[PDB]
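Geometric and topological summary
Below, each chain spelled out in residue letters.
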Amino acid sequence: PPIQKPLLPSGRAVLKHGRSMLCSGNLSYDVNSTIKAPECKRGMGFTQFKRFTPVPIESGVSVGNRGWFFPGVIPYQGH
Amino acid sequence: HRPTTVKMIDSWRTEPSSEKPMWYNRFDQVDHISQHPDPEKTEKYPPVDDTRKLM
Amino acid sequence: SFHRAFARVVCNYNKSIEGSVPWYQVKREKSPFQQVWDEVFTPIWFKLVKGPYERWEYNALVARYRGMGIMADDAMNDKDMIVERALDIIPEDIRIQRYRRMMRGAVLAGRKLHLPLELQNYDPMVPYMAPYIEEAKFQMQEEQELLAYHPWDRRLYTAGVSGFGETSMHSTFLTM
Amino acid sequence: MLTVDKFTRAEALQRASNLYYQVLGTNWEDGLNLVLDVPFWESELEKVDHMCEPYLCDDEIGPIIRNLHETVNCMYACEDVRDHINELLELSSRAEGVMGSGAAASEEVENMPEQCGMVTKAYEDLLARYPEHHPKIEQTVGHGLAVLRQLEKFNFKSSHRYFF
Amino acid sequence: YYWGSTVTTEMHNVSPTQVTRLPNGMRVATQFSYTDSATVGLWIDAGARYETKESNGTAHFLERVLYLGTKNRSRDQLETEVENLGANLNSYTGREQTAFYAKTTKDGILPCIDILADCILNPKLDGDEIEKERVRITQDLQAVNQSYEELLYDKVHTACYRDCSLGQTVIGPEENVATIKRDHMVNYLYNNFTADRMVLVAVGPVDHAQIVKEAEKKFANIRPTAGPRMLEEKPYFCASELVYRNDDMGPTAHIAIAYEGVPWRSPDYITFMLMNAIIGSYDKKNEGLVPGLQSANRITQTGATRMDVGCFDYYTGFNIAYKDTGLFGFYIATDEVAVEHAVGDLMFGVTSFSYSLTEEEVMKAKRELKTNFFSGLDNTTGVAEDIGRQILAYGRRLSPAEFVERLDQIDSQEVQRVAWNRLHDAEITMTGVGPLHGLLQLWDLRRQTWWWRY
Amino acid sequence: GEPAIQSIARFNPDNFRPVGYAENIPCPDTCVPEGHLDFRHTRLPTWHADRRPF
Amino acid sequence: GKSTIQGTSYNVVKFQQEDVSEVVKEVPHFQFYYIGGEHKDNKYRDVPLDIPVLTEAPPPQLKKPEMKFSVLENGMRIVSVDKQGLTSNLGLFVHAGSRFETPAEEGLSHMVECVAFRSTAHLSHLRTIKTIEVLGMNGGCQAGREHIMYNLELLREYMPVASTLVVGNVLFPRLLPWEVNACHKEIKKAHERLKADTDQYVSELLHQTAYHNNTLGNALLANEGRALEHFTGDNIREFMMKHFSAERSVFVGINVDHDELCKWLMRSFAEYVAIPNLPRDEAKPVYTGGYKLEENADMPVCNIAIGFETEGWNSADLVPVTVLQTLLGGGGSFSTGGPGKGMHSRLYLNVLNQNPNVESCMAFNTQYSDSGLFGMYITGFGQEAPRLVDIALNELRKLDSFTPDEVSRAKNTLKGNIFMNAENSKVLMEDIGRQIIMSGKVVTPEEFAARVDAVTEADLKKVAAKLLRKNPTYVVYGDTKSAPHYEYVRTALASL
Ligand SMILES: CCCCCCCCCCCCCCCCCC(=O)OC[C@H](COP(=O)([O-])OCC(O)COP(=O)([O-])OC[C@@H](COC(=O)CCCCCCCCCCCCCCCCC)OC(=O)CCCCCCCCCCCCCCCCC)OC(=O)CCCCCCCCCCCCCCCCC
Ligand SMILES: CCCCCCCCCCCCCCCCCC(=O)OC[C@H](COP(=O)([O-])OCC(O)COP(=O)([O-])OC[C@@H](COC(=O)CCCCCCCCCCCCCCCCC)OC(=O)CCCCCCCCCCCCCCCCC)OC(=O)CCCCCCCCCCCCCCCCC
Ligand SMILES: CCCCCCCCCCCCCCCCCC(=O)OC[C@H](COP(=O)([O-])OCC(O)COP(=O)([O-])OC[C@@H](COC(=O)CCCCCCCCCCCCCCCCC)OC(=O)CCCCCCCCCCCCCCCCC)OC(=O)CCCCCCCCCCCCCCCCC
Ligand SMILES: CCCCCCCCCCCCCCCCCC(=O)OC[C@H](COP(=O)([O-])OCC(O)COP(=O)([O-])OC[C@@H](COC(=O)CCCCCCCCCCCCCCCCC)OC(=O)CCCCCCCCCCCCCCCCC)OC(=O)CCCCCCCCCCCCCCCCC
Ligand SMILES: CCCCCCCCCCCCCCCCCC(=O)OC[C@H](COP(=O)([O-])OCC[N+](C)(C)C)OC(=O)CCCCCCCCCCCCCCCCC
Ligand SMILES: CCCCCCCCCCCCCCCCCC(=O)OC[C@H](COP(=O)([O-])OCC[N+](C)(C)C)OC(=O)CCCCCCCCCCCCCCCCC
Ligand SMILES: COC1=C(OC)C(=O)C(C/C=C(\C)CC/C=C(\C)CC/C=C(\C)CC/C=C(\C)CC/C=C(\C)CC/C=C(\C)CC/C=C(\C)CCC=C(C)C)=C(C)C1=O
C-alpha cells in the first residue's frame, strides 16, 4: 500500500502557538497549516523526495560534535 | 578516541563493585553541594614530628 | 544448512537462562572441603606470608603517597577511559586541589625531594573519586549495551578513520 | 530470482501458457506423475514468475498467471487429500494378510468411519475452494472416495453419481 | 528469523471496505467511519504516461481547468455552491493515476457527487480560462520556479525511462503547453475518463447503497469503456547520468540515485517498502529525540560521525511503483564538499542489505513502517487516498491485518535474498543539481553496489 | 513523603563526599615547599661577572 | 462521576498496591536483542499482492467513540477518546508556560522543554530515547505561553511503556548538572526554527508589543546570553516545584482504551509522591498596544500586522470573533486554491483580486484563557508599505456592516473547518489538552457547531466595535524603510 507521510516524522505540535482547532482555519489548505496538502503545480509524486522540515538547510552545520570542541574552533587532524 | 578497550565484562571469579566495594564505604551525604565543608578553611590533623606518630 | 541449526540452538539456550541470578548474588555455602582448607592453610598462610608481605607493600605505598603529598585516587592515569569519563564530571573544587597536588608531586619527584614531614599527617586512601567513577561506569555500560552490541560494518579508511570503530581522525598508523 | 536471462513479453506469454496447460493436462490421479513432474514444474514456475512479474496487470499474461497459480494451488491440495486416502487403502489391504488369507494380517483401522467423514469433509472444501477445477478434483479425490466407499459404507453428496 | 505474529485484535476492528462494480463498469468503494466529515472523489486510471509525446501536458492542463466552470454552472456559481456546502474541491494528476475528490460535511456528500460528476462529464473548457491557465502553467514550467526536489524527481524519470512514456513529465514540455487547445482536452476526456477506469470512493458517515444509487444516476451517461491500452514491453531501465553542474546556486548539492524497483503487484513490493523504511530519513534541522551520533539507523549514525560534522544535511529513501516497473533509491541534500562521503555512505548502506543486516534494524523498521502507514489512515482523506490508490494498484484494498501478516513473514534473510537478487551488483542511475565536483562518474558509483569483504 | 523529584535530587553524586574529606585532603599552596631550594637561593650576587662568555 | 473539578465531573481512580511480579506479566512483550532465531522461509514469497492471503478474519467490533474523564487521587485528570485507530497519541499538558515567569526567571519554561526526556530516577537519558526509537515512537516537548506539552505517537500496543516514559519527565527527573549543560545548544536551534517561520515570528513580535513586559508578552524562547546563568538543574527544579503539580496537569490519550490508560497511569503514581500543589501569582494580562519595526536586511518584502485585543477563550465572544475571521478569511498569491478554499472571503475579493501589488492578506486570531489578539496580516514589497497599510486600514473600517450572504458563507465554512480539523488525532489531542488547561472544560466539535449557527450579524458588529476601540498593535517586519509611523495608524483608527 502507498505511504502518505514522510519517512521522518515531524514530532512537533500541529497547531501554532495560540491558535486552536476552532481558529486555525482549515488545516487541509491553510497557508500557515503544518499539515496542508502540498499543491501539485508540477504534478503529484515529488512529495516522496520533499524535505518537510521548514527550517532552511545550513550547509556544513556540525552535528558530529561529541563535546570535544567549542563552537568556532577548527579541529586540526581530528584533535 | 584512538582504538581503545576497557575490561567491562562479567567475570567468572571476581564480584562487581556493587556487590563488594573495595573502598572504605562510609560517605557523608548533603542536600546541596554547597553544604559540604570547605577543605581550605577546615582544620587538618595536628602535625607530628616523628614518622612513627603519623596517623 | 548447519548454520540455521546452530542459530536455533543458541536461541533456545539463551532463552533458557534469561533472568538467571549472577553467581555473586547467590547465597553460597562453602563445601566441606573448602572449609577445611580455610581452617588450616589460610590462617597459617596469613600469619607467616600473606599478612606480613601485604602489610609491607601497603605501608610502603602509603609512605610513597605521603612523600609526594598526593592521594591514592590522584595516582589514576587518565589514559584509562573510565578515569577520563569520570574526570569530565568531577566538580571544580575537587578538580582544583587534585591538579595542585599532582603538580606538587611531579615537582618533588623530578627534583628528587620529599614533602616536609609537617605536611604528611593525612590519610591518603580517602576515596574521593568513587562517586564519579561509579557514574562513569554506569554511563559507559549503557552505551556498551544499547549502542555497541554487534560488530558493525562501515566503509573503510574514509574521513580520517579506519572504519573499524575508533572515532578520532588520524589516531592510528594506517590513518597517519 | 537470481538470473541474468531476459525475455520479451511474447516469450513470457508462451512460457506461462505452456506451463499452464502442461499442469492442467497432466493426469493428477497417478501419483507418479506428480512425483516426477512437480520438481520440473517448480523450477519452471520460478522462472515464469520472474519473467512475468512486469506483466501481472497485462490483459493477456495476467489472466494466465492467475489461472496457473490457481491450478498449482489445486494440484497440491488434491494431492494431499488423495495421498491420505491411499494410506487408508493401503492399511486396509495389509490388514487382509498374505494372499488375502489373513496369514500375517495386520491390525485393522479402528476408526475407519471417522476417517471417511474427515476425508469427505476435505473433499467438499476443495469443491468450494476451487470452483473452476471440479474435473480435476473428481479425477483425484472424487474417485478416491468411490474406492473407499467399497471398503466402508458412508454417505457423501456425490455418492449417487458414482453408482453408490 | 521468525519471531511471532504482530497481528492484534484491534487490527481486525475496522469497518469493511465495500466495493461494487456498477453495470457500466465503474467501481464504487466505500468505508463507514464515525466522523462528521467525509471525502468523496473519483480516482481514475489516467496520467502523463498514457499521453503521447505531442500531447504531453494535456492531462495536467485539463486538471487545472476542470473546476473552472461547467456547462450547467459557472466558475463563480460553482465556487459559491461548494463554499455554501462548507466543502472544498481538490484534484491532482500523476504519471499513472489521477484523482478528483471533495472534502465535505456529512450533509454535503451527495451534493458533492453531483458537482464532481458535472465537472468530469460536462466540463466547459472556456478559451479564456485556458489562456489564463496557459500563463500560469508557463510560469510553473520554468526551472527557476521549481524546487530542486521537484526537478530531480522529474529528471530521475527522464534518465531512467528514456525509451518509454514514463519518462515524460506531468506538466509537459513548453512547446506542448504553448499549443494545447480545447480540442486536445476534449479528446483526452473522451479517451481516458471512462467508467472502466474510474473508482468512486466515499469515506465517512456514508451508506454503501445510497452512494451506489447516486453514482449510477449521476454517471449514467459516462462513456462505458475505451479501447484496451496498447500492449508494451517491460519499461527498460537505462543506467545513465543526468547531472546539472551549477556552481552559481549556493553551497547545497542535490543528488538522487536510483535502482530498478518492482511493480505494485510484485510479491517483493512489501520487502521493498521495508527496505525503504530501513534506509529511513534524516534531517540535521529535525534530528528527533535520538541524535544522529547515537541513532539506531546505521546510515544515519555513520554519517553523523564523518569529519566530526556529519555528511548528510538531509536524505530520504524512495520507493516508487508503477504497474510494470518501479524505482528504488535515495535522495540527498548535502554540502558540496560532503557529496562523495554522502553518496558513498548511502550506497554502502544499501549494499549492506545484501550482506550484513541485523534483525534489530529490521524489527525497528517494521514498527516505524507500521506507524507511518497506520497514522496515514487517521483522517477520511487519508483513508480515501488509500482506498482509491490501492484499488487502482491492486484491484482491492489490503486490510491492515493482511499487511501485517505479510510483513511478519519478511525477515532479515528475506531482505537479504531480495537485495542479493535485485540490488546487489545492479545498475544505477544518478541525477543531480548544484555544485557537484565531488560526484564521481556513474561507473565509479556503480562499483559500490558490491563488497570485496564477505 | 518527600516529592520524588526532591528525593532523587539528593542522590546526585555531587552530594556524596568521603567522611573526612575536608580534614585530610592536602591543599597545596605551592609546588616548592618551605626549605627547598629555588631561584631565590641560586641567584648570583648583583656584582657578579658576565657568565655568557664562559 | 465521583469528583467535580473546575466545572467538569471525573471518575475517581483509586490507587492500588500491586506486586511488581504481577504487573510484569502485563507489560507488552518486546525484545532489544535477537541472539539467534528459528529460520522460516517467507511463505508468501511467490504470492502477488493482488491475491488475498488472509482468511477467517474475526468479525469487526465497532463502537461509537466517546470522550471519557477520570482523575487520580493525586489530582491528575485523565481524558481519552478511542477512535479505534491503530496508533495512539499520548499527551501530558502542564499549566506552566512562559506567562508564569517572573523577569528574573526569563526563559525557564523553554529550558524545561529543552531538558525533556533526559535522565529520570529509574532510567538514563540514553535508555529512554533508545526505547522510544526501538519501539517506533515519535514525539517531543513544546513549551507555550500557557502550557507545556509532552507528546508521543506510537502503536497502541506499547501504550504502557509510553505512558511511563512521559510521566517520568514530571514525576522524578534527574536534572543532573552535566546533562542540563548539554541542553544549552537547543536555545540557538529554537531561535533559528522560530525565525525561519515568518508568520510565527511576526506573531511573537505582536504578542511582545501587545502585552508590554507582562504575562502574555514574555518571550517564548530563552536568550543565549545572560539567561544561561540560571540555565541550571537547580534553577529548573525550583521552577518545577512552583508550577508543576498533579493538580495542574492533564493526561490526554487518543486511540487508547480508557480503563487501560487509567490503570497504567495509576500504577506510575502509586508508590511515589507528585509535586505538591502550591498557590502562585496569576495576574491578568495588561494590554498596552504599541508598535515595533524589525528590520531584516535580507528580506525585500514587508510583512505588516495590525492587531487588537480580544477577551479570550473563556469569553462569550469566542465564536462571533472566530466567525469574523472566516468571513474576512484572506489568502495569498503563492497558492492557487480551488473551489471552497477561501476564494470568496472578503479579504480575497476586496484586496487580493483588486490589488496586484499585495502579495498576501490574511486575518489572524489568537485565543488564550483570558486574552487574545485579532487583526489583519498583509505582505508585499517594501516600497509598497504606505499603500499596504492603507488597504489594511480600509478593510478595518468596513467591519461596521455585513451582508446576509457573507454571514451564512462564513458560518458554513467555519463549521466545515471545525469538523475537518477534528478528524486529525494529533489536532484533537492538542485541542482537548489546551481547552482543559484554559477552561477546565471540553467543548466538542458538534457543540461548537451549534454555537456557530447562533451567531447573527448583530453579534459580529458588536464584537468588531469592541476590538476597534482598543489601542492597536502595529508590527512591521522585513523591509521597514517605507512603512508609515505608528501615529498615522492610530489617527486613522481614532475615528472609529
Ligand atoms: C598427549 C598430549 C596432548 C596435548 C593436547 C593439548 C591440546 C590443547 C588444545 C588447546 C587449544 C587452544 C586453547 C587456547 C585458549 C585461548 C583462550 C583465550 O585466549 O582467551 C582469552 C580470554 C579473554 O577474556 P577477556 O574477557 O578479554 O578477559 C578475561 C579477564 O581477564 C578476566 O576473566 P575472569 O575474571 O572471568 O576469569 C576467567 C578465568 C578462566 O580461567 C580458566 O578457566 C583457565 C584455567 C586454566 C588452568 C590451567 C592449569 C594447568 C595446570 C596443570 C597441572 C598439571 C598436573 C600434573 C599432575 C601430575 C601427577 C603425576 O581466567 C582467569 O582467572 C585468568 C586467566 C589467565 C590466563 C593466562 C593464559 C596463559 C597461557 C599460557 C600458559 C602456559 C605458558 C607457560 C608455561 C609453558 C611451559 C610449561 O580469556 C578468558 O576468557 C579466560 C581464558 C583463560 C584460558 C587459559 C587456559 C590455560 C590453559 C593451560 C594449559 C596447561 C596444560 C598443562 C598440562 C600439564 C600436564 C602434566
Ligand atoms: C560432543 C557431542 C557430540 C558431537 C557430535 C558432532 C556432530 C558433527 C559431526 C557430524 C557431521 C555430519 C555432517 C553432514 C554433512 C551433510 C552432507 C550433505 O548431505 O550435504 C548437505 C550439505 C549442506 O548443504 P546446504 O544445506 O545447501 O548448506 C550449504 C552449507 O554448506 C551449509 O553449511 P553452513 O552454512 O552451516 O556452513 C558451515 C559449513 C562450512 O564449515 C566449515 O568448513 C567450517 C570451517 C571452520 C574453520 C576451519 C579452519 C581449518 C581448521 C583445520 C584444523 C585441522 C586440524 C588437524 C589436526 C591433526 C592432528 C590431530 O559446513 C559444511 O559445509 C558442512 C560440512 C559437512 C561435512 C563435509 C565436510 C567436512 C570436512 C572435511 C575435511 C576433510 C579434510 C581431509 C584432509 C586430508 C589430508 C590428507 O552440503 C555441504 O555443503 C557439505 C559439503 C561442504 C564442503 C566440504 C568439502 C567438500 C570437498 C569436495 C571435493 C571435491 C573434489 C573434486 C575433484 C574433481 C577433479 C576432477
Ligand atoms: C594441525 C593443523 C591445524 C590447522 C588449524 C588452522 C586454523 C586456521 C586459523 C585461521 C585464523 C583464525 C583467527 C581467529 C582469531 C580470533 C580472535 C578473536 O576472538 O577476535 C575477536 C575480536 C573482537 O574483540 P572485541 O574485544 O570483542 O572487540 C574488538 C573491538 O575492540 C571492538 O569491536 P566492535 O565490533 O565494537 O568494533 C567494530 C569492528 C571491530 O573491528 C575490529 O575489531 C578490527 C580490528 C582491526 C583489524 C585490522 C588491523 C590492522 C591490520 C593488521 C595487519 C597488518 C599487516 C597486513 C599486511 C601484511 C603484508 C606483508 O567490527 C567490524 O568492523 C566488523 C567487521 C569486521 C570485518 C571487516 C572485513 C574487512 C576488513 C578485513 C580485515 C578484518 C577481517 C576480520 C578479522 C580477521 C581475524 C584473523 O575481533 C578481532 O580479533 C578482530 C580482528 C583483528 C585481527 C586481524 C588479524 C588479521 C590477520 C593477521 C595475520 C595473522 C597471522 C598469525 C597467525 C594466523 C592464524 C591464527
Ligand atoms: C609453538 C610454535 C609457536 C610459533 C610462534 C609464531 C606464531 C606465528 C605467528 C606470529 C606472528 C603473528 C602476527 C600477528 C598479526 C597481528 C595483526 C594485528 O592485529 O595488527 C594490528 C594490531 C594493532 O591493533 P589495533 O590497534 O587494535 O588495531 C586497530 C587499528 O585499526 C590497527 O591499525 P594501526 O595502524 O594502529 O596498526 C597497524 C599495525 C600493524 O602492523 C604491525 O603491528 C606489525 C604486524 C606484522 C608483524 C610482522 C610479521 C612478520 C612475519 C612475516 C615474515 C616472515 C618471513 C619468513 C621468510 C623465511 C625465509 C627462509 O602497523 C602497521 O600496519 C605497520 C605497517 C608498516 C609497513 C611498512 C612497509 C614499508 C613501507 C611501504 C613499502 C615500501 C616502500 C615502497 C617501495 C617501492 C619500490 C619502488 O597489531 C598489534 O597490536 C600487534 C603487532 C604485533 C605484535 C607482536 C605479535 C607476537 C605474536 C605472538 C607469537 C610470537 C612468537 C615469537 C616470535 C619470534 C620471532 C623471532
Ligand atoms: C582425571 C582428571 C580429569 C581432568 C579434566 C580436565 C580439567 C581441566 C579443565 C580446565 C581446562 C579446560 C577449560 C578451560 C576454560 C577456560 C577457557 C575458556 O573458557 O576460554 C575463554 C574463551 C571464551 O570466552 P567467552 O566468549 O565464552 O566469554 C567468557 C568471558 N569471561 C571469561 C570473561 C566470562 O574461549 C574462547 O574464546 C574460545 C575457546 C575455544 C576452546 C578452547 C579449548 C578448550 C579446551 C579443549 C581441550 C584441550 C585440552 C585437553 C586436551 C588433552 C590434553 C592431554
Ligand atoms: C596452513 C595455514 C594457512 C593459513 C592461511 C592464512 C591466510 C591469510 C591470508 C591473508 C590475506 C588478506 C587479504 C586481505 C585483502 C585486503 C583486505 C580486504 O578484504 O579489504 C576489504 C576492503 C573493503 O571493501 P568493501 O567491501 O568495503 O568494498 C566497498 C566497495 N568497493 C568494492 C567498490 C570497494 O577492500 C578494499 O577496499 C581493498 C581493495 C581490494 C583488495 C582485494 C584483494 C587483494 C588481493 C591481492 C592480489 C595478490 C594475491 C596473491 C596471492 C597468491 C597466493 C598465495
Ligand atoms: C497380499 O495379497 C497379495 C496381493 O495383494 C492383493 C498382490 O497384489 C500380489 C501380487 C504381488 C506380486 C506378484 C509381487 C511379487 C510377489 C511375490 C514375489 C510373492 C510375495 C508373497 C510371498 C513371498 C508369500 C509370503 C511368504 C509366505 C506365505 C511363507 C511361505 C512359506 C510357508 C507358508 C511355509 C511355512 C510352513 C510352516 C511354518 C509349517 C511348519 C511345519 C512344521 C513345523 C511341521 C513339523 C513336522 C514334523 C514331523 C516335526 C500377491 C502375490 C499377494 O499375495
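What counts and how
Residues numbered from 1 in each chain as written, not as in the entry; some residues may be left out. Chains lettered and ligands numbered in written order. Part of a larger assembly, values for the part shown. Heavy atoms only, no water. Helix = DSSP H or I, 4+ residues; strand = E, 2+ residues; numbered from the N terminus. Rg over C-alpha atoms; globule rule 2.2 N^0.38 Å. Buried < 20%, exposed > 50% of the residue type's maximum accessible area, 1.4 Å probe, protein only. Contact = heavy atoms within 4.5 Å. Buried area = accessible area lost by both parts, 1.4 Å probe. Salt bridge = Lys/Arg side-chain N within 4 Å of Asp/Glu carboxyl O. Polar contact = N/O pair within 3.5 Å; in protein donor to acceptor, adjacent residues only side chain to side chain. Core = buried A, V, L, I, M, F, W, Y, C linked by side-chain atoms within 4.5 Å. Pairing = 2+ DSSP bridges. Axes fitted to C-alpha atoms, helices over the stretch in contact; angles between N-to-C directions. 1 Å grid on protein atoms, 1.4 Å probe; cavity = no way out; pocket = protein on both sides within 12 Å on 5 of 7 lines; lining within 4 Å. Points joined across faces, edges and corners; volume = space filled by probe spheres on them. Nonpolar A, V, L, I, M, F, W, Y, C, P; charged D, E, K, R; others polar. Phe/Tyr/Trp six-rings, centres within 6.5 Å; stacked < 30°, edge-to-face > 60°. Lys NZ or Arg CZ within 6 Å of the ring centre and 35° of its normal. Near = heavy atom within 4 Å. Areas by Shrake-Rupley, 256 points an atom, 1.4 Å probe, with all protein chains shown as cover. Expected span 1.5 Å × (residues − 1).

Method-wise, the PDB entry is recorded as coming from cryo-EM, at a reported resolution of 2.2 Å.

Side note on the overall build of chain C
Helix and strand counts for chain C come out as five helices and zero strands. In chain C, the succession of helices and strands from N to C terminus is α-α-α-α-α. A globule of 176 residues ought to have a C-alpha radius of gyration of about 16 Å, yet chain C, at 25 Å, is considerably larger. Summarising its shape, the C-alpha atoms of chain C cover approximately 75 × 60 × 30 Å along the three principal directions. Scored against the burial criterion, the 176 residues of chain C give a buried share of 34%.

So, the arrangement of the chains
In this assembly, 14 pairs of chains are in contact, and the pair with the greatest number of contacts comprises chains E and G. Spatially, chain A and chain D are disjoint, and the shortest separation between their C-alpha atoms is 16 Å.

Here we look at the interface of chain E and chain G
Listed as interface residues are 70 residues of chain E and, on the opposing side, 72 residues of chain G. Summed over both sides, the interface of chain E with chain G buries roughly 6300 Å², with 59% coming from carbon and sulfur. Three residues stand out in chain E for area buried against chain G, namely E:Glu83, E:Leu289 and E:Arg367, and they jointly supply 12% of the buried area on that side. Linking chain E to chain G there are four salt bridges. Measuring nitrogen to oxygen at the nearest pair gives 3.3 Å for the salt bridge that ties E:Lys285 to G:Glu192. Along the contact surface separating chain E from chain G lie 28 residue pairs in polar contact. Per-element accounting of the side of chain E that touches chain G gives the leading share, ten residues, to helix α13 (residues 359-376) of chain E.

Re the nonpolar core
Within the largest apolar cluster, 137 residues are counted, with the highest numbers of intra-cluster contacts made by E:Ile257, G:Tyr150, G:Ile236 and G:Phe244. With residues up to four places along the chain from it excluded, the contact list for E:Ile257 reads E:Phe318, E:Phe328, E:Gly329, E:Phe330, E:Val343, E:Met347, E:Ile428, E:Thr429, E:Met430 and E:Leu445. In this structure, G:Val319, G:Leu388, G:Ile391 and G:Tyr486 belong to the second largest nonpolar core, which totals 54 residues.

Observations concerning the sheet that holds strand β8 (residues 252-260) of chain E
Residue and element names in this part refer to chain E. In spatial order, the strands read β7-β12-β8-β11-β10-β9; together these six strands make up an open sheet with mixed pairing. The open sheet terminates on both sides in strands that have one partner only, identified here as β7 (241-245) and β9 (281-283). Mean inter-strand twist for the sheet, computed between neighbouring axes without regard to direction, equals 20°. When β9 meets strand β10 (residues 314-321), the two strands line up antiparallel, connected through three bridges. Note on β10: the bridge partner recorded for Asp-283 is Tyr-314.

A look at empty space enclosed by the protein
The final tally for this structure, using the stated rule, is 15 cavities of 30 Å³ or more. The space that makes up the largest cavity amounts to roughly 260 Å³. Around the largest cavity sit 22 residues that line it, and C:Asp153, E:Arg298, E:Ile299, E:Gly349 and E:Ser352 are the ones nearest its centre. Elements with a minimum of two residues in the lining of the largest cavity: α11 (298-305) and α12 (339-355) of chain E. Per-element accounting of the lining of the largest cavity gives the leading share, five residues, to α12(E). Within the lining of the largest cavity, the residues separate by chemical class into eight nonpolar, seven polar and seven charged. If you add up the space inside the second largest cavity, you get close to 180 Å³. Forming the walls of the second largest cavity are 16 residues, and the residues nearest its centre are A:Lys16, A:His17, G:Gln142, G:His147 and G:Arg434. Residues of the lining of the second largest cavity, tallied by class, amount to five nonpolar, five polar and six charged.

Remarks on the packing of aromatic side chains
One pass over the full model with this rule turns up 44 aromatic pairs over all chains. Judged by centre distance (5.6 Å) and plane angle (15°), the rings of A:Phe49 and E:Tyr331 are stacked. Each residue in the set A:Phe49, E:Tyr153, E:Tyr314, E:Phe318 and E:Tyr331 is aromatic and connected to the rest through ring pairs, giving one cluster. Lying across the ring of C:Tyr128, C:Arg101 places its NZ or CZ 5.5 Å from the centre. Its guanidinium or amino end placed over the ring of G:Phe100, G:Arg280 lies 3.7 Å from that ring's centre, counting from NZ or CZ.

Considerations on the pattern of salt bridges
Oppositely charged side chains may form a pair once their charged atoms are brought near each other. Within the structure shown, the criterion is met by 87 salt bridges over all chains. Of the charged contacts, one joins C:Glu145 and G:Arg127 as a salt bridge, the two residues approaching to 3.8 Å between their closest N and O atoms. With one member in each of two chains, C:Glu145 in helix α5 (residues 130-147) and G:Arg127 in helix α3 (residues 125-134) form a pair that bridges those chains. Classification of C:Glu145 by relative accessible area gives partly exposed; the value is 27%.

Structural notes on the site of ligand 3
Around ligand 3 lies a shell formed by C:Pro151, C:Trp152, C:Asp153, C:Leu156, C:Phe164, E:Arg453 and E:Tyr454. In this structure ligand 3 sits where residues from chains C and E come together. Interatomic distance of 3.2 Å between a backbone N/O atom of C:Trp152 and an oxygen atom of ligand 3. Here an oxygen atom of ligand 3 and a backbone polar atom of C:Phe164 are 3.4 Å apart. Its free accessible area being 1900 Å², ligand 3 has 18% of it covered by the protein chains.

Topic: helix α2 (residues 31-52) of chain D
Residues three or four positions apart in an α-helix share a direction because the helix packs 3.6 residues into each turn. Residue and element names in this part refer to chain D. Under the 1.5 Å per step criterion, the end-to-end length of α2 is 30 Å for 22 residues, consistent within 8% with the ideal 32 Å. Of the positions making up α2, those classed as buried are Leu-34, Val-38, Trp-41, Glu-44, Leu-45, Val-48, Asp-49, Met-51 and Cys-52. Buried-residue contacts for α2 involve α1 (9-25) and α3 (61-95). Where α2 starts, the residue carrying a side-chain oxygen 3.0 Å from the main-chain nitrogen of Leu-32 turns out to be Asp-30.

Brief notes about the site of ligand 6
Residues in contact with ligand 6, as listed here, are C:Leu156, E:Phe348, E:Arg447, E:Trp450, E:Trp451, E:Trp452 and E:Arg453. Chains contributing residues near ligand 6 are chains C and E. For ligand 6, an oxygen atom lies 3.0 Å from a polar atom in the backbone of E:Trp452. E:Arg453 places a polar side-chain atom, nitrogen or oxygen, 3.2 Å from an oxygen atom of ligand 6. Compared with its free state, where it exposes 1300 Å², ligand 6 has 24% of that area covered by protein. Residues of the shell around ligand 6, tallied by class, amount to five nonpolar, no polar and two charged.

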